[PDB]
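**Student:**
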Amino acid sequence: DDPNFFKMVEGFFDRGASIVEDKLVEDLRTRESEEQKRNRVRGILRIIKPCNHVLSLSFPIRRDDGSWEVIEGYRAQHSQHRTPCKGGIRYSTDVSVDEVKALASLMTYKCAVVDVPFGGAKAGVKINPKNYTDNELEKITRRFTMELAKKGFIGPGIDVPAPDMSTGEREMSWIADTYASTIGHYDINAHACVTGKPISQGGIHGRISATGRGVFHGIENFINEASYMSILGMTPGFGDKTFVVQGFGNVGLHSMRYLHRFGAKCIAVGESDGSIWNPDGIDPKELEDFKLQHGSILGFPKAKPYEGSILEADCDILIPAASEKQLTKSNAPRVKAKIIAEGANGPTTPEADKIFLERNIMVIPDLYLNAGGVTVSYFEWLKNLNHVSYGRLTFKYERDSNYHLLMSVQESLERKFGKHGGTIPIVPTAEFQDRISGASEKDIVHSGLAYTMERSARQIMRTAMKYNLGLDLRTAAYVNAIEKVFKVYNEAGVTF
Amino acid sequence: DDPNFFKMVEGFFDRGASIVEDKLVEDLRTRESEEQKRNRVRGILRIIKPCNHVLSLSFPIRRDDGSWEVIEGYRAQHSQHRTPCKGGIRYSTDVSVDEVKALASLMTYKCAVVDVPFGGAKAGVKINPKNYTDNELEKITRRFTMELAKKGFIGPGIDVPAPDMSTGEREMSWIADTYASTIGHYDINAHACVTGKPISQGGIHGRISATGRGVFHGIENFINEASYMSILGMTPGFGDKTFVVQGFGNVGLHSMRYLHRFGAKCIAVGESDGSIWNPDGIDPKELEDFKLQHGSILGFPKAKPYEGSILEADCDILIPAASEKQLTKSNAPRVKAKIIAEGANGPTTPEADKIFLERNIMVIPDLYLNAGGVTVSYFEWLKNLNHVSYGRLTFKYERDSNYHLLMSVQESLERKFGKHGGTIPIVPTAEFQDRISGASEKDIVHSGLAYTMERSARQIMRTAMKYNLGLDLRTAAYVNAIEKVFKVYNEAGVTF
Amino acid sequence: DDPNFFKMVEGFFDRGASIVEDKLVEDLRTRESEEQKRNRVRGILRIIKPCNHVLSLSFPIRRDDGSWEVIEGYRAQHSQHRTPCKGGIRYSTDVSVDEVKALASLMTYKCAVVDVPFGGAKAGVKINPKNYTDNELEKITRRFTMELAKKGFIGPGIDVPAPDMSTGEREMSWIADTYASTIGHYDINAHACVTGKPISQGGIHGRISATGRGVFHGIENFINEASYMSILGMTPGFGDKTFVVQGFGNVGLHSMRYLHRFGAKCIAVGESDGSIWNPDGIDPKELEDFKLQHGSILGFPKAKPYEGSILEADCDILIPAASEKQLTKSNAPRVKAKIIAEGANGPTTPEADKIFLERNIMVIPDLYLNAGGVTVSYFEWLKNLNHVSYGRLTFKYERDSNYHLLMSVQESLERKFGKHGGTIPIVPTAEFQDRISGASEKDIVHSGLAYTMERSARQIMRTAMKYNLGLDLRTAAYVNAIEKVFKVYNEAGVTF
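Residue numbers (the working numbering), protein chains in the order written: chain A, -14 to 481; chain B, -14 to 481; chain C, -14 to 481.
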C-alpha cells in the first residue's frame, strides 16, 4: 500500500476539499453569482493544496577518512497563509522531494487543527546516520543549516526547524549555533530559530513527554463524551478500561504512563521483537526500568509472552504507536478494540478505515492525536521570544494571592461565628500544597497543552456534527483543518 | 463654527499649556533661575505643539474604465516623545494637511490620557470611496501603503495604521499584506504593522464593541463618584437613570447595550432621519434587529416618534454619538440633561461648553470617553508582538488553581466540623462557572479595557482637583495629557 | 536523440572531467600522496558537477476571465565557486527541473570560457505565453519575481536574470521594477538586478547585435589561424569565402551582416518554411527588408529557391543558427562545408561530431561561439553598477589627446623641414574622423566584445594543443571551462 508520505495525504485533502466546497459557497458574504462563488471556492482550494516553496540542495562534506561526498538535501515550505513555517528534519537514505512535500503539507493541517499559527515545513537529508561519525554528522548539520539560511529557509520569522525521530536535541544545538554565528548575528530573536533545544539553551520543560501527554488528553476528551460513548456502547471515563500499546518508544511509554495514572489498565504491550500480555495489568514504571537495562521488553516478569498478533488482542481501546500500515484490510475485521488511538503517523490504511467505520470502531486521527509535540514546540518558540521562562514573574505573586484568599475565608468565618467554634484554619490541601511548592514552567506547559487538546477536540466534534460525519473523525479532522486554512488565506488580503 | 479638526484642537492645547505652565515651573528639580526655568517650560511646550513629520503623496492609479488618475495622500506624525505612532486612515474628498495635522495631535493626547505608549498619527486620501469599485480601492490602498512604507511611515516600530470610519477591516488586510510583501519581508513583528485586522489574521476579539464599552466604563467611573454626583444633585449609580442616545452607529448601539445591561433605561434614541421616544424604555436588542433589516429606526414599534429635538429631551444623561457641533450656544440653555457623554468627536462647541459649565452640566470629554478603541488597538498590537492569544497558556492553569482553592476550603471546613454537618461542597457559582467555561481572549481584553478607563478617570479627577477646575473635565483631560507628554519629552534624554 | 538540455551537457562534463583529471593531479602544488592527490582532484570534480541550489515554486494568478490558475516555476543556481549567478528565464510548457538544471550548468561553463565572473543560473515558468494576454503575463512575471526575491534568488549580488528567446526587454522591465519596489528598496545597485533592460532604463547599446557579432568574431579568430586553416586546406582570411546561414532569426541576421561586411559571400539562406540560394550572393540588407514586410524569406527576388537540404549545400563554412539536432549521423557524411559554426545551442548531435572529426570538419562549439550575448550582459551589469555610460567622461578627453598627438607630429615635421615643404597638415582620416565624431558607448561595448572573443579563442587553442586534441574544439572548450571552474573552486578558500 501507499506509505504515509504518499497519495494518502493528498487523498485526505482531496476528500476533505470536496466536502467543504458546498458549505463554503453558501457561507460566503461576497456578492457575486453562484458560479462565480463556486469558482472562487474551488480556486482557493487549488492554491492551498501544493507547497509553494521547495528547495533542493547539494553540498559537499569531507569524511574523516579523507574521501569526498556530495550530500543532497531538501526543504519544502507550505506557507501560502501563515509564516513562520515549522517542521522537522529527517536524516534518511530514502527521503525524496515527494516525501518532504507530503509531510510539509501534513504539518500545515496538523498546525491548523491545534490552532498553532505556523505553516508546514519539512526537511530531508539523503544520508544514513549510522554510517557517519558524530564529527561528520555535525559537519553535515552545520553545512545544511548554512545553505538553508542563505536562501531564507531557516529564520525564526521564516521557518523554525524541529527535532524528528532521526535527529535529537544535539542536532538542534548545532542548527541554533550555526544560525546565530552566520546570519542570526545579533538579532534578539535569533534564539528562537530552532526548537527542541536543551534546557540550558532555552529549551522548554516537558518536551519529552509532550507527545505522550497529548495522546492521553486526546483520548480523554473522546472518552468522556457521552454521545460518542453511547454509539460505542461503553461507559464514559477511564473506569474499568483496558488498553494495548503497540510499540514502546517515547510515545508509547508516556502514553501508557499517563493512562495508567488515571485508572486505565494496560493488559498488553506490543513490540517489533516480541509481545507482552497480562490481564492483571502492566506497571509502566517497572516495564520502563526493565527496558532501559535489558534493551528490550521480552522476558519481562509478571507477564507471559503474548500469543498471536498484539493488534487483535481484546481491549477497550488500542494505541498503535509504532511503524505504519499496522492496521490493514486483512486484520481489520479481527480487531476487537472499540477505540483506536493513532499515536504514530499513519498506522491505518484508507481501506482499513472503511472497515472500522462499518464496525463502529472509533479511530481518533493521528492528525490530531499526536499534535502534542507540535503544540509544545510552539510554546518553546514563544518562550524564546519572551526571553523568560513561563511563570517566573507570577509564581510568587499568585502564591501570595492564594494565601490571601484563604485568609479572607478564615477571617470572614471567624467573625461570623465569633468566639464560638474557636479558630477555623483554612489551609491548602496536600495536593494544592505540592502544586504551590513545586510550581515551575512545566506546569504552565502541561496546562497549555491540555487546554489546546481539549479545545481542538471540541472543534473536531462540531465539524463532524456539522458535516453529518459519524465516527469518521479522520475526515472531520481534515475538514476542520481545511476550513481554517481556507479562511486564513481567504481573509489574508492577498490579491484575488 | 470651526470643525473638530480646526483651531478647536489647537485652542484646547493653548488653554491647557497656559494652565500647566505655572505648576511645571515650581515642580522642576533642575537648578536654574526662575526666568531660566520658565523659558525651559515654555520652550518644551512649544516643541510639543506642532507635528514633527508630515508627508504629502501623489501617486497614480489606473481606473477600471482605463482612465488615469493621480491621488493625493497625507500622513502626519506627531512623535517628539514616543514611537511608534498610531492613527487611522481617512478616505474623504475634503481631507487636507491641516486636518490630518490636527487629528495627529489629537491622537497624541488621547493616547497619553489612557497611558497608551504611542505617538499620534493620521492619514488622509483625497478620494470619495463611493466613486470607486472594490478593485480600485484595493489598488489605492496598496499603492498608498507602498509609498508610506518606502519613506518610513508605516512600520510596526514606526507607525501603526488603524481603521477609521471610512475604512474597514478589509482595508487593514490590504495594508498588512502589502507591508509584509514589500518591506516587512521576513521580520517576525511584521504582523503588527497594522491593527484592526480580522480575527483569522491576528485580530483581537472584542474590537467591535471596544469603543462602546469604553463609553460605558467612562460614564460608570464618573457616575459612582460621590463628590461629582453631589455637585449635580444626583444619586450615585445607574439606578433609576435615563439616557438618550443621539445617533445609532457602532458607538451608539454598543453604548446603549451595556448601559441597559446595568439598569439604565434608554428613553429615547436619535437619528439623522428621525427620532424614537418611549418613557418605558427601548430594548437595545429589539431596536438593533429592527435597524438591520428595515435599514433605519423610524417606525419602530413600542415607541412613538419623538417630537422636537432629541438633544433637548429630558434625561439624566445624554450621549451625543453622531456628527459634530450638535450642541451649540443656541440649544445649550434648553438641554435638560445633567450629564453629557461625548461618544463622538467634538459634538459640542467651545461656546457651548461655557454655558454647560455655568448650568452645572458635567461634560465627559470625548478625548477620554471614546478612547476605548485606541486602548484595544494597543492590545491587538501587543497580541501580534506576543504571537499568541491572551490567556492561551493560563486559562487551564488558573482553572485548576481555582478548583484547588475551593477544595482547600472544603477540606478545611470538613475536618473542622468533623462528621457533624456531613460534607460541605464548595462549588463555583453559576456566574463563575460560565466565566470558567467560557474563558477566552475577549475576557482579558475587556478586563484590560475596563482597568484602563478606570485608572484614567482617577487621574483626570486628580488633575481637575489639583488645578482647581470644577466640572470642566475637558480642560482637565487636556491638562492631564499635556503634563504626561511634557514629562516624557523632558525626561526623554533629547538634547536641550 | 537527447535534446540539448539532456545528458548531452552531462556527457560533455563527464568527458571533459576525465580528460583534465590526469593533468590536474600532476600540476598540484600541495604535498600529499598520489592517491591523496587523485582523490582530491576527483573529489572537487564531483562538487562542481551538480547544481547546488534549485528552487521550485507554485504561485497563483487570476486570469482576465476570472478563473484561477496555479503556475509552476523553477530556478536552478549553479554557484559553488562564484557569485552572482546569471541566466535567462524561459516561458515554456515543457520546462522541467532537469532542463533548468542542465542549462544552469551550461551557463556556468559558458561564462567560464569567456572569463565572465558569473555562476550559472536558469529559470523556467511552465506556461505557454501565447495563451495569456499582456496583462496576465505581467502578473505572472511580477509574481514570479516576488517569490524569487523573498528566497534570495534574484538579487544583483545573488543572481541576475537575463532575457531568453521567450522573454523580451519588456519582461526585464517588469522584473527590475518589481525587485526595486519590494526588496531592492533604496539600494544603490538595485538597478543592476536584471540585464536586457531598455536603453532608457539603463540598458546597454549594441545588445541586439551582441550574439551576432560574437559569432562573427568567433569565426574570424579561427579563420585567420594558419595552423587550423592548413589542416582544413583553406587559405586564411575571409577572401573568397562562401557561407550558408540556416535560420534567419536575430543570430542568423546579424551573423550574416557582419560576415558580408568583411568580404564573405552568403550563397544560401535556410529557413523552416523554405530556402534561398544564389551563387552570386545575398545582400543582408535587402533580405532583412524583404523579411520584415512579407513575414518570411521565400519568394525573395535575385535568388531562386534552393533545391534539397540547406545543410548539405556546398559552402566554405556553415552556420546552423536555428533549432536543434539539425546535424545528425544521417546527414553528416553529405555535409560539404569545411567549417561548422554553431550559432544556436546544440545544433549537432554527439554522433555527428564523431563523423565531422573523421572528415576533418572543424566544428566551432556553441559553448564559445554564441557567448557574445553573455559577455555583453556582463557589460550591462557593470554599466548599472558604474551608474554611468561607458566613455562619457573620456570621449572628449581622448579626442583632445588625439588632436594634440597629430599637432605634435605636424609641428615636429614643419620645423624639421623648415620653410621648405611649406606646412604639412596632419589630419585624421575619414574613417578615423567618423570614429571621433560618432564615438559612443556602443563602440566601447563592441571593442570589449571583440577583445573577449579574441582572448577566449586563444585560450581554447592552447587547451586543444595542451591536451593533444585536434579539431575537437568542443571538448577543448569544455576542458578549458572545467579547468577554470576547478581552479576557482580549489583556491576559493572553502573548507576541504
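Virtual Cβ for every residue (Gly too), placed ideally from N, Cα, C.
Spatial neighbours of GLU416 (chain B) within its chain, please: CB distance less than 7 Å, with the 5 preceding and 5 following residues excluded, ordered by chain position.
**Tutor:** none
**Student:** Should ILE295 (chain C) and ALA326 (chain C) be called a contact, given that it needs their Cβ atoms to be closer than 8 Å?
**Tutor:** no
**Student:** To which residues of the same chain is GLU54 (chain A) closer than 8 Å at the C-beta, ignoring the five residues directly before and after it?
**Tutor:** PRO45, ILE46, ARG47, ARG48
**Student:** From the DSSP output, in three-state form, read off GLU399 (chain A) for me.
**Tutor:** helix
**Student:** Are the beta-carbon atoms belonging to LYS368 (chain A) and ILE189 (chain A) less than 8 Å from one another?
**Tutor:** yes
**Student:** Roughly how many angstroms lie between the CA atoms of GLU6 (chain A) and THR360 (chain B), to the nearest whole one?
**Tutor:** Straight-line Cα distance between these residues: approximately 39 Å.
**Student:** Excluding the 5 residues flanking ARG23 (chain B) on each side, which residues of the same chain have their C-beta closer than 6 Å to its C-beta?
**Tutor:** Within the same chain, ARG23 (chain B) has close Cβ partners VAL10.
**Student:** Would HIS170 (chain B) count as contacting chain C if we go by Cβ distances under 8 Å?
**Tutor:** yes
**Student:** Can you list, in chain order, the residues of its chain whose CB lies under 6 Å from that of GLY137 (chain A), leaving out five sequence neighbours each side?
**Tutor:** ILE143
**Student:** Look at the Cβ atom of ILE304 (chain A), then the Cβ atom of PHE207 (chain A), and state whether they are nearer than 8 Å.
**Tutor:** no
**Student:** Is the shortest distance between the beta-carbon of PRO(-12) (chain B) and the beta-carbons of chain A less than 8 Å?
**Tutor:** no
**Student:** Tell me the rounded alpha-carbon separation between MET150 (chain B) and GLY1 (chain B).
**Tutor:** 28 Å
**Student:** Along the segment 430 to 451 of chain A, what residues have a CB closer than 7 Å to any CB found in chain B?
**Tutor:** Across the segment 430 to 451 of chain A, CB contacts with chain B closer than 7 Å involve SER432, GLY433, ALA435, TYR436, in sequence order along the chain.
**Student:** Secondary structure at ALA442 (chain B), three-state DSSP: helix, strand or coil?
**Tutor:** Assigned with DSSP and collapsed to three states, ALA442 (chain B) falls in helix.
**Student:** Between the segment 88 to 98 of chain A and the segment 61 to 78 of chain A, can you find at least three pairs of beta-carbon atoms closer than 8 Å?
**Tutor:** yes
**Student:** In terms of alpha-carbon separation, which member of A:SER215, A:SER240, A:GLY58, A:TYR213 lies closest to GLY197 (chain A)?
**Tutor:** A:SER240
**Student:** Could you name the residues of the same chain whose beta carbon sits closer than 6 Å to that of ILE421 (chain A), not counting the 5 residues immediately before and after it, in chain order?
**Tutor:** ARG384
**Student:** I'd like the ranges of any alpha helix (DSSP H) spanning at least 4 consecutive residues and lying wholly in the segment 40 to 109 of chain B.
**Tutor:** Runs of the alpha helix (DSSP H) lying entirely within the segment 40 to 109 of chain B, each at least 4 residues long, are 82 to 98 in chain order.
**Student:** Can you list the beta strand (DSSP E) stretches of 3 or more residues lying completely in the segment 209 to 247 of chain C, in chain order?
**Tutor:** 227 to 231
**Student:** Specify whether the segment 218 to 226 of chain B and the segment 176 to 187 of chain B touch according to this definition: at least 3 beta carbon pairs, one from each stretch, less than 8 Å apart.
**Tutor:** no
**Student:** Pick from B:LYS135, B:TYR117, B:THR130, B:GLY73: whose alpha carbon is nearest that of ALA106 (chain B)?
**Tutor:** B:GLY73
**Student:** Give the residues of chain C in contact with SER166 (chain B), contact being defined as C-beta atoms less than 8 Å apart.
**Tutor:** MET131, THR167
**Student:** At the 8 Å Cβ level, is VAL394 (chain B) part of the contact set with chain A, yes or no?
**Tutor:** yes
**Student:** For the beta strand (DSSP E) holding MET(-7) (chain B), just list the boundary residues, first then last.
**Tutor:** Careful: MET(-7) (chain B) lies outside any beta strand (DSSP E) and carries neither H nor E.
**Student:** Confirm, please, whether the CB-CB distance from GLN186 (chain B) to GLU468 (chain A) is below 8 Å.
**Tutor:** no
**Student:** Within its chain, find whatever has a CB closer than 7 Å to the CB of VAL98 (chain A); leave out the 5 residues flanking it on each side and keep chain order.
**Tutor:** Only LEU352, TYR353, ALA356, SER441, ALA462, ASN465, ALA466 meet the Cβ criterion.
**Student:** Bridge partners of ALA253 (chain B), per DSSP?
**Tutor:** Per DSSP, the beta-bridge partners of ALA253 (chain B) are B:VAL229, B:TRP262.
**Student:** Taking Cβ-Cβ distances shorter than 8 Å, what residues in chain B pair up with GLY187 (chain A)?
**Tutor:** Residues of chain B passing the Cβ test: none, with the nearest at roughly 16 Å.
**Student:** To the nearest angstrom, how far is it from the Cα of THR379 (chain B) to the Cα of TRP366 (chain B)?
**Tutor:** Roughly 20 Å separates the two Cα atoms.
**Student:** State the start and end residues of the unbroken alpha helix (DSSP H) segment that holds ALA322 (chain B).
**Tutor:** Premise fails: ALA322 (chain B) is in no alpha helix (DSSP H) and is neither H nor E.
**Student:** In whole angstroms, give me the CA-to-CA distance for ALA147 (chain C) and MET157 (chain C).
**Tutor:** 7 Å
**Student:** Could you please give the first and the last residue of the uninterrupted alpha helix (DSSP H) stretch that includes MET157 (chain C)?
**Tutor:** 154 to 164
**Student:** Report the residue ranges of all beta strand (DSSP E) runs contained in full by the segment 306 to 389 of chain A; include only those spanning at least 3 residues, in chain order.
**Tutor:** 324 to 326, 347 to 349
**Student:** From the DSSP output, in three-state form, read off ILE295 (chain C) for me.
**Tutor:** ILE295 (chain C) carries a helical assignment under DSSP once its states are collapsed to helix, strand and coil.
**Student:** Within the 8 Å Cβ cut-off, does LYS95 (chain C) reach chain A?
**Tutor:** Chain A contact via Cβ: absent.
**Student:** Using the rule of at least 16 other Cβ atoms within 10 Å of the residue's Cβ for burial, across every protein chain shown, is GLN21 (chain B) buried or exposed?
**Tutor:** exposed
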